[PDB]
Amino acid sequence: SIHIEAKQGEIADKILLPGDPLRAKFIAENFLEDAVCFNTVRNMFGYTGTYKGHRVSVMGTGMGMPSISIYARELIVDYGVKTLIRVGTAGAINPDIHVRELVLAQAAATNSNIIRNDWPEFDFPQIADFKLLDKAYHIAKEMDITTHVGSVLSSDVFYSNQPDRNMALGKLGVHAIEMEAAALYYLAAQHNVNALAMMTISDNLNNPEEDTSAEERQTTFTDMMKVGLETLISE
């Protein structure tokens, strides 16, 4: 509420969180059944529908950690959401990681200040809920999806002034760069709920001429959606 106009009962307790409101709309119309809209405020589309009989929601979060922090907080605190899965795109910085592959974020590095401001004495890692991470991995492997489990970097600055520094992380077990996961993981830890972030590599920052084919782009997305949805409804 304040940023979400939904009444109580309109949002399921388990939600998929793409960055793009139009992606949410796309998921709602093609992977859920009987999906209906629950939010239009600031054009941040959200839908509740059914997957394999399970009530499931999906909504966009906008870009960057402040944005997703606002929406995840309201979902958790005002609508009692307990399971949250980010499904998104990222750029690969680990050279062994190629375009279209799947990354599951065991942890999220960040150059943000959101955690450090609250915890100045610490390096305080933001982590995925293990059981979610482990279920997603098992499901992905059954589908023979090329999957990588590791850290991602949740960055504040898409147009970075220090890209070499970012790239150097790729040699130390940090797979891909994204903008949201650390914030989501932090809120989940604060409110004791369960979060996972997953992404397909859309760009290989180590190899710019690694291209993708759109149709291929929709197979991969379909693959990720089912990992995402099966993980979301597993109990």
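Only the coordinates and a few stated rules stand behind these numbers; no lab work does. FYI the Cβ positions are ideal-geometry reconstructions off the backbone, even for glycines, and counts take in every protein chain you see.
Scanning the stretch 45-91 for residues that are closer than 19 Å to residue 8 by Cβ and among the aromatic types (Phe, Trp, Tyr), which turns out surrounded by the fewest Cβ atoms within 10 Å (Cβ to Cβ)? Top of the filtered list is 79. Restricted to the stretch 131-159, and to residues that are touching a residue at least 60 places away in the same chain (Cβ under 8 Å) and among the charged types (D, E, K, R), which residue is surrounded by the fewest Cβ atoms within 10 Å (Cβ to Cβ)? The residue in question is 131. Quick test of your reading of the structure: residue 208 fulfils all but one of (1) within 22 Å of residue 95 (Cβ to Cβ); (2) surrounded by 18 or more Cβ atoms within 10 Å (Cβ to Cβ). Name the failing condition by number. If we test residue 208 against (1) within 22 Å of residue 95 (Cβ to Cβ); (2) surrounded by 18 or more Cβ atoms within 10 Å (Cβ to Cβ), just (2) comes out false. Taking the stretch 26-43 as the search range and keeping residues that are in a helix (DSSP H, G or I) and either touching a residue at least 24 places away in the same chain (Cβ under 8 Å) or among the acidic types (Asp, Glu) (or both), which one is surrounded by the fewest Cβ atoms within 10 Å (Cβ to Cβ)? In this case the residue turns out to be 29.
Based on what the data block shows, is residue 200 under 27 Å from residue 52 (Cβ atoms) and of a type in the set (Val, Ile, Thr)?
Here the answer is yes, as residue 200 does meet what is asked.
Looking only at residues in the stretch 89-121 that are in a loop (DSSP other than H, G, I, E, B) and touching a helix residue (DSSP H, G or I) at 6+ places or on another chain (Cβ under 7 Å), the one that is farthest from residue 185 (Cα to Cα) is 95. Every condition in (1) farther than 26 Å from residue 210 by Cα; (2) assigned to a helix (DSSP H, G or I) is met by residue 23 except one, and the failing one is (1).
When the criteria are applied in full, residue 159 meets the requirement of being under 23 Å from residue 62 (Cβ atoms), more than 16 Å from the chain's Cα centre (by Cα) and among the hydroxyl-bearing types (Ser, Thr, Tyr).
Does residue 130 satisfy being under 27 Å from residue 232 (Cα atoms) and aromatic (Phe, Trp, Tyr)? So residue 130 fits the description; yes. Condition check for residue 173 on (1) in contact with a strand residue (DSSP E or B) (Cβ under 8 Å, 6 or more places away or on another chain); (2) surrounded by 15 or more Cβ atoms within 10 Å (Cβ to Cβ): one failure, at (2).
Can you pull out the residues in the stretch 191-207 that are touching a residue at least 12 places away in the same chain (Cβ under 8 Å), more than 25 Å from residue 166 (Cα to Cα) and not aliphatic (A, V, I, L, M)? Within the stretch 191-207, 191, 194 qualify.
Count, please, the residues in the stretch 92-126 that happen to be among the basic types (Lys, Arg), touching a residue at least 60 places away in the same chain (Cβ under 8 Å) and surrounded by fewer than 18 Cβ atoms within 10 Å (Cβ to Cβ). If you could, list the steps in order and put the result at the bottom.
Start the filter on the stretch 92-126 by keeping residues that are among the basic types (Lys, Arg), which leaves 100, 116.
From what's left, touching a residue at least 60 places away in the same chain (Cβ under 8 Å): 100.
Next, from what is left, pick out any that are surrounded by fewer than 18 Cβ atoms within 10 Å (Cβ to Cβ): none.
Adding up the residues that qualify gives 0.
Name the residue that is nearest to residue 19 (Cα to Cα), counting only residues in the stretch 46-74 that are of a type in the set (A, V, I, L, M, F, W, C) and either more than 16 Å from the chain's Cα centre (by Cα) or in a helix (DSSP H, G or I) (or both). The selected residue is 68. Check whether at least one residue in the stretch 24-34 is touching a helix residue (DSSP H, G or I) at 6+ places or on another chain (Cβ under 7 Å), over 24 Å from residue 235 (Cβ atoms) and β-branched (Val, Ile, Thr), and report yes or no. Checked the stretch 24-34: no residue is touching a helix residue (DSSP H, G or I) at 6+ places or on another chain (Cβ under 7 Å), over 24 Å from residue 235 (Cβ atoms) and β-branched (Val, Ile, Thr).
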